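Working notes, beginning with the structure itself.
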């Protein structure tokens, strides 16, 4: 059971991939290249993050997940400046409407602790998003506000 919030579903999902991919199918073999595409394909196809089909990047740089209920997702690794086997994974997600811009922020506010939060045309990392912030940052109410592009980064 989860309930409580209908937006927390994604918050727990993203953290699900982070804890699953932590040691599920992030290259449990040791091959050439980074393969930041088949990495998620194998994790998702493993039923970890999501048990659906993935689109292996035709340009080889960042895989993309097709969200039916949501919108679009872009899974890309971001491993730069490590010390104790710390990997930084960056998953952009574009679907969270204004109603969720608040619920998602309320849930992201419980563990603010920045790492690589990049809001729509707001490429940042120390971006501190909260309930009271999402109450102001998002306009009063514009029904279906412009696409709320939010990148989640997970270190370790």
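In the deposited numbering, the protein residues as written are 26 to 181.
Quick reminder that beta carbons are idealized off the backbone N, C-alpha and C, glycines included.
Out of 26, 129, 29 and 180, the CA that lies nearest to the CA of residue 106 is found in 180. A Cβ-Cβ contact shorter than 8 Å links residue 129 with residue 36. Where residue 127 is concerned, the enclosing alpha helix (DSSP H) starts and stops at 123 to 134. Runs of beta strand (DSSP E) with 3 or more residues, each lying fully within the region 59 to 144, are found at 88 to 91, 97 to 102 and 113 to 119, listed in chain order.
Fewer than three Cβ pairs drawn from the region 144 to 157 and the region 97 to 117 lie within less than 8 Å of each other, which leaves the two stretches out of contact. Under the DSSP assignment, residue 41 falls in the alpha helix (DSSP H) whose first and last residues are 33 to 46. Per DSSP, the continuous beta strand (DSSP E) segment holding residue 180 begins and ends at 174 to 180.
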